[PDB]
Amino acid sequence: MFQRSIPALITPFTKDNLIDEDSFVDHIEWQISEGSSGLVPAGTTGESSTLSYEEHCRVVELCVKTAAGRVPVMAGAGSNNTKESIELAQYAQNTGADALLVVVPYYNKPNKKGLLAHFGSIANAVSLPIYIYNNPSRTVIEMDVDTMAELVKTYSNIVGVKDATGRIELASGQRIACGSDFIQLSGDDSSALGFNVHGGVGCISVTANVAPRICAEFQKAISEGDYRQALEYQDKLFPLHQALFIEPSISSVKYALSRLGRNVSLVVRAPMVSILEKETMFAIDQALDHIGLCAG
């Protein structure tokens, strides 16, 4: 269901700090027309953390309605509060999402028994497919492979992972422990290539917000097994992947989209700030121009 290039969508805001619904719709429609294969609304890159419950819901609802069944929609539905996670998950299901992205809880550092309680309680509350989002560089704790295997064996609707560790040995470990039917998606743009040759089938990408066509061509070459050509795309994209997290990628992505002429404002919600260092903007600009993304 989910494969190849899947953007973790930004959430654009207006000058008055409302959800820029028009810009969000245009972004989705542009992403699809450029070759993105699925959508993740209200994830990390979507500034989930600074959305109200009702904004989060509205963002998922809007993304589902815009996609119009052309590509699958994996709703962000995870916080570090299980009850709230269940509420976001059931909303996503009732509004028509195709699947759920559920992060390992951040900040309160549950132990393994808590992870089993968290994901198990969510899996029992919806019938949608659930993707475990493992990102220790933000959550500190890391779900280990025994726990992930245990969840897959226990809950039929826990069906894959987003693996943002960037340590691709874990892709081999997860493939062996959870089965080759377990759907592995990279959560780290810069190692997405090797992740797939170890068994991944796509990437939930930051960079695809900014460069969806070549990210899509990149993932298409991999799925055709043209790895020589995938390596040529990697050398072109890698400087951009890197330039976009010199500072928080949410700021950097909106900076780049606005530079490219997309109708996306620079506004972000605190504690993100839109002001970038000049060295950062210069790195992003050079990487964009090396790919040749400026129309004019």
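Don't overthink the numbering: it's just position in the shown sequence, from 1.
Higher mean CA B-factor, judged across 222 to 230 and 131 to 139 from the recorded values: 222 to 230. Taking the PDB entry as given, 86 to 94 carries the higher mean Cα B factor of the two stretches 189 to 197 and 86 to 94. As recorded in the entry, 78 carries the highest CA temperature factor of 78, 166, 173, 110. Ranked against the other modelled residues of its chain, the C-alpha B-factor of residue 184 as given in the entry falls in the lowest third. When all modelled residues of the chain are sorted by CA temperature factor, residue 246 is found within the middle third. When all modelled residues of the chain are sorted by CA temperature factor, residue 40 is found within the lowest third. For residue 47, the recorded CA temperature factor ranks within the lowest third of the chain's modelled residues.
Sort the chain's modelled residues by C-alpha temperature factor and residue 101 lands in the lowest third, per the entry.
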